Amino acid sequence: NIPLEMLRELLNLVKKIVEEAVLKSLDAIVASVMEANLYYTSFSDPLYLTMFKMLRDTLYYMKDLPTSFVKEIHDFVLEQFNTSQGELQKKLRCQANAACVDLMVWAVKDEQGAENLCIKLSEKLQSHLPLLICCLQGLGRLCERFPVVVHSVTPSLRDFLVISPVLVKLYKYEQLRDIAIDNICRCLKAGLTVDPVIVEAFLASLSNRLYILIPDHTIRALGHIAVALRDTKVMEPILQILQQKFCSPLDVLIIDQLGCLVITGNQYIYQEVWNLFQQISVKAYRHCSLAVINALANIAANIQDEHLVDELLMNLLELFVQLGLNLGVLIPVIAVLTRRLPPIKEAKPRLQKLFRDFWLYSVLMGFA
């Protein structure tokens, strides 16, 4: 229960300490002391960064604020931003600038103001790195708060992803990419929260873009959105898209995505993916022969439905007994699966027959 006048005097303190003349005087006395003869060298940038960081933090989570206070806060941050940013267009000031960005997005309460903020950030994006990442975070948060401007911000984020010279120069890394796709997923979920038809338009647009090294980014985004909507008319479209998108070293990470897709825990999806893997194994794209079993190695450790566990165990036992008619690589996954279960006492005699056949084949081949 902080009374308001303490906030007012804190604003007075912060506006008094951001004076530049006092900084110049401190620099002059620092020079006098240095020439008179110590850890710090220049106080201006560190003091400014500390003061802006505390300004951002100490007014971060505080709520229940009427109109005059927030409008004057917005005045402070906008005038400081205009004075500061419009001068370095010729180091550590970017952190303070990003603090100003994070503070000013809290002090907005009008949809038109949000639209103006999005327009300015879109203008600055399509051309310091902390400033860009904080701009992306602010765009994501603002889109999360206001569902109206989602269609306004949907293209601005996609055009950068589908087309990034800075990333190309950096390659010759991925944190910005993953935070960007996370913001994309948050924007999509916020949009579909209010409008049940925007997601269909977005998936149609991404399918059209896929039709026309962008496939790697597209596949990663598709995997991220698919795992994002695991709970929720939405799983069937992505299922059919991934079914129809098959077909080239680009197939290495597709099954990697399928391994994560297995986690969702749907009987039909599990049957489809297991049938696809069985067909691939029977045919043996020879290069994928290793990759697929690697996917199994990842699948074996990420199953939580016991029904799926026993079904997978039976399926791989049947696959092993069928392939007997090269076979020494299928044991590690069985060991990993069986190390997660207590010793078995009795079950369906089908399991007993499968185990007996497996041991018979093992002793025939002399693996023991």
# chains A, B, ... in the order shown; residues from 1 in each chain; ligands from 1
>>> residues_around(residues="residue A:191", least_positions_apart="6", cutoff="10 Å", atoms="only C-alpha atoms", output="ChimeraX atom specification")
/A:143-144,146-151,154,185,197-199
>>> atom_distance(atom1="atom CA of residue A:220", atom2="atom CA of residue A:175")
13.5 Å
>>> closest_residue(among="A:36, A:162, A:47, A:170", to="residue A:23", atoms="only C-alpha atoms")
A:47
>>> closest_residue(among="A:30, A:52, A:97, A:226", to="residue A:83", atoms="only C-alpha atoms")
A:97
>>> closest_residue(among="A:156, A:338, A:352, A:1", to="residue A:64", atoms="only C-alpha atoms")
A:1
>>> select_by_dssp(residues="stretch 27-215 of chain A", states="alpha helix (DSSP H)", output="ChimeraX atom specification")
/A:27-36,44-58,67-85,93-104,111-125,129-145,150-162,165-171,175-194,198-211,214-215
>>> atom_distance(atom1="atom CA of residue A:303", atom2="atom CA of residue A:263")
6.4 Å
>>> residues_around(residues="stretch 308-315 of chain A", least_positions_apart="4", cutoff="9 Å", atoms="only C-alpha atoms", output="list in words")
residues 265, 267, 270, 274, 300, 303, 304, 319, 320, 334, 337, 338, 351 and 354 of chain A
>>> closest_residue(among="A:240, A:159, A:135, A:231", to="residue A:207", atoms="only C-alpha atoms")
A:240
>>> residues_around(residues="residue A:234", least_positions_apart="3", cutoff="12 Å", atoms="only C-alpha atoms", output="PyMOL selection string")
chain A and resi 189+192+196-200+203+225-231+237-241
>>> write_last_selection(atoms="C-alpha atoms", output="JSON list (two decimals), in the first residue's frame")
[["chain", "number", "residue", "atom", "x", "y", "z"],
["A", 189, "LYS", "CA", -3.21, -17.99, -30.08],
["A", 192, "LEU", "CA", -7.72, -17.33, -32.43],
["A", 196, "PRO", "CA", -12.19, -18.58, -34.81],
["A", 197, "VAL", "CA", -11.44, -17.90, -38.51],
["A", 198, "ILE", "CA", -8.09, -16.06, -38.45],
["A", 199, "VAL", "CA", -6.12, -19.29, -37.91],
["A", 200, "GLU", "CA", -7.58, -20.76, -41.10],
["A", 203, "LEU", "CA", -2.61, -21.57, -42.36],
["A", 225, "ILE", "CA", 2.84, -24.04, -33.99],
["A", 226, "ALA", "CA", 1.81, -27.71, -34.15],
["A", 227, "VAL", "CA", 3.28, -28.41, -30.71],
["A", 228, "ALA", "CA", 1.73, -25.15, -29.49],
["A", 229, "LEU", "CA", -1.84, -26.20, -30.38],
["A", 230, "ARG", "CA", -1.62, -29.71, -28.91],
["A", 231, "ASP", "CA", -4.66, -29.11, -26.68],
["A", 237, "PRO", "CA", -5.68, -29.21, -40.50],
["A", 238, "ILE", "CA", -2.04, -29.45, -39.39],
["A", 239, "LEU", "CA", -2.27, -33.25, -39.59],
["A", 240, "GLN", "CA", -3.49, -33.19, -43.19],
["A", 241, "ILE", "CA", -0.98, -30.47, -44.13]]
>>> residues_around(residues="residue A:10", least_positions_apart="4", cutoff="12 Å", atoms="only C-alpha atoms", output="list in words")
residues 2, 3, 4, 5, 6, 14, 15, 16, 17, 51, 54, 55, 58 and 59 of chain A
>>> write_last_selection(atoms="C-alpha atoms", output="PDB file, in the first residue's frame")
ATOM      1  CA  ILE A   2       2.416   2.667  -1.257  1.00  0.00           C
ATOM      2  CA  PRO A   3       0.965   6.188  -0.915  1.00  0.00           C
ATOM      3  CA  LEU A   4       1.012   8.348  -4.018  1.00  0.00           C
ATOM      4  CA  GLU A   5       3.158  11.236  -2.760  1.00  0.00           C
ATOM      5  CA  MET A   6       6.095   8.856  -2.313  1.00  0.00           C
ATOM      6  CA  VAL A  14      14.594  10.481 -10.917  1.00  0.00           C
ATOM      7  CA  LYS A  15      13.991  13.648 -12.948  1.00  0.00           C
ATOM      8  CA  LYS A  16      16.558  15.515 -10.831  1.00  0.00           C
ATOM      9  CA  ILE A  17      19.250  12.829 -11.166  1.00  0.00           C
ATOM     10  CA  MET A  51      19.202   4.862 -12.947  1.00  0.00           C
ATOM     11  CA  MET A  54      15.804   1.106 -11.509  1.00  0.00           C
ATOM     12  CA  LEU A  55      13.254   3.456 -13.098  1.00  0.00           C
ATOM     13  CA  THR A  58      10.520   0.001  -9.670  1.00  0.00           C
ATOM     14  CA  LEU A  59       7.520   0.975 -11.841  1.00  0.00           C
TER      15      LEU A  59
END
>>> closest_residue(among="A:106, A:268, A:39, A:211", to="residue A:70", atoms="only C-alpha atoms")
A:106
>>> residues_around(residues="residue A:367", least_positions_apart="4", cutoff="12 Å", atoms="only C-alpha atoms", output="ChimeraX atom specification")
/A:327-329,331,358-363
>>> write_last_selection(atoms="N, CA and C atoms", output="PDB file, in the first residue's frame")
ATOM      1  N   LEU A 327      20.334 -56.448 -37.743  1.00  0.00           N
ATOM      2  CA  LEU A 327      19.301 -56.555 -36.722  1.00  0.00           C
ATOM      3  C   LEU A 327      19.813 -56.261 -35.319  1.00  0.00           C
ATOM      4  N   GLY A 328      21.114 -56.038 -35.156  1.00  0.00           N
ATOM      5  CA  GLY A 328      21.690 -55.773 -33.854  1.00  0.00           C
ATOM      6  C   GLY A 328      21.605 -54.343 -33.383  1.00  0.00           C
ATOM      7  N   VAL A 329      20.943 -53.471 -34.145  1.00  0.00           N
ATOM      8  CA  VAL A 329      20.821 -52.063 -33.779  1.00  0.00           C
ATOM      9  C   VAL A 329      19.483 -51.744 -33.123  1.00  0.00           C
ATOM     10  N   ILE A 331      18.176 -53.252 -30.419  1.00  0.00           N
ATOM     11  CA  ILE A 331      18.148 -53.607 -28.999  1.00  0.00           C
ATOM     12  C   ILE A 331      18.248 -52.402 -28.063  1.00  0.00           C
ATOM     13  N   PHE A 358      11.361 -64.120 -29.598  1.00  0.00           N
ATOM     14  CA  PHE A 358      12.525 -63.242 -29.565  1.00  0.00           C
ATOM     15  C   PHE A 358      13.743 -63.963 -29.005  1.00  0.00           C
ATOM     16  N   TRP A 359      13.565 -64.691 -27.900  1.00  0.00           N
ATOM     17  CA  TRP A 359      14.686 -65.418 -27.314  1.00  0.00           C
ATOM     18  C   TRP A 359      15.147 -66.551 -28.221  1.00  0.00           C
ATOM     19  N   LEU A 360      14.210 -67.215 -28.901  1.00  0.00           N
ATOM     20  CA  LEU A 360      14.583 -68.263 -29.844  1.00  0.00           C
ATOM     21  C   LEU A 360      15.437 -67.701 -30.972  1.00  0.00           C
ATOM     22  N   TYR A 361      15.033 -66.557 -31.527  1.00  0.00           N
ATOM     23  CA  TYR A 361      15.832 -65.934 -32.578  1.00  0.00           C
ATOM     24  C   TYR A 361      17.187 -65.481 -32.049  1.00  0.00           C
ATOM     25  N   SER A 362      17.218 -64.950 -30.825  1.00  0.00           N
ATOM     26  CA  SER A 362      18.480 -64.499 -30.248  1.00  0.00           C
ATOM     27  C   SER A 362      19.456 -65.657 -30.074  1.00  0.00           C
ATOM     28  N   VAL A 363      18.976 -66.792 -29.560  1.00  0.00           N
ATOM     29  CA  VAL A 363      19.870 -67.932 -29.373  1.00  0.00           C
ATOM     30  C   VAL A 363      20.239 -68.562 -30.712  1.00  0.00           C
TER      31      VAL A 363
END
>>> residues_around(residues="residue A:41", least_positions_apart="3", cutoff="12 Å", atoms="only C-alpha atoms", output="PyMOL selection string")
chain A and resi 26-31+33-34+38+44-47
>>> atom_distance(atom1="atom CA of residue A:213", atom2="atom CA of residue A:253")
13.9 Å
